[PDB]
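S.K.: Got a sequence here, can you build the structure:
(chains A, B and C)
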Amino acid sequence: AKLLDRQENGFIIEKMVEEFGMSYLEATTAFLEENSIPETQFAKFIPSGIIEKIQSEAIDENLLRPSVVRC
DNA sequence: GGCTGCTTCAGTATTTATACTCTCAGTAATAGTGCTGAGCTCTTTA
DNA sequence: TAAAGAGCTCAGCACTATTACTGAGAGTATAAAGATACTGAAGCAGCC
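M.R.: Numbers count the residues shown, from 1 in each chain, chains lettered A, B, ... in the order given. I have put the structure below:
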């Protein structure tokens, strides 16, 4: 009904990758759309953790330019 | 009054120069908008 | 001395009212401005 536990959702969202195995990005976007989640009201749904690995894998995949590398 | 030759048509093999005037109209973007929380503010006395 | 109140106000997602603003409309009264070829098929056309 209500699913406001962020770190529990971390346990559930690692299930996405560790189970499916595409990437943390696509796994959690799949989560966001499955339960119909916007992108500004997420801090109430998403563990504080997965965000950091998301940033990591993002910059490592080079999603943005050198303008973002130095910082 | 039924009757044959011409006939006409129909089927094959990029990139277009000069309104005007409101006048309104209702719209979609857009700033005004107020929360939530939360994080620092602050003092308390144990 | 320092764990622990109760509040002072600043990130961070909306909302209503807005403001260019683009569209729909209604006025407009000098003129006179082309080198197939073939086969075929009904219709038309003149006749005993």
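S.K.: could you say which helix or strand contains residue A:15?
M.R.: helix A:6-15 (DSSP states H and E).
S.K.: Show me what residue of chain A gets nearest to DNA strand C.
M.R.: For chain A and DNA strand C, the shortest gap (CB to the nearest atom of the strand) falls at residue A:40, measuring 3.6 Å. Using the backbone N, CA and C atoms, a C-beta is placed for each residue, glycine as well.
S.K.: That residue and residue A:18: what is the separation?
M.R.: 27 Å (CB to CB, to the nearest Å).
S.K.: okay, those two: which has more neighbours?
M.R.: residue A:18 (9 against 5; other CB atoms under 10 Å).
S.K.: and that one, helix, strand or coil?
M.R.: Counting by DSSP: H, G, I helix; E, B strand; the rest coil, the backbone at residue A:18 sits in helix.
S.K.: which ones are touching the residue nearest the centre of chain A?
M.R.: Central residue of chain A (CA atoms, centre = their mean): residue A:28, 4.5 Å from the mean position. Residue A:28 is in contact with A:13, A:16, A:46, A:50, A:54, counting by CB atoms under 8 Å, 6 or more residues apart in numbering.
S.K.: From residue A:46, how far off is residue A:12?
M.R.: Applying CB to CB to residue A:12 and residue A:46 gives a distance of 11 Å.
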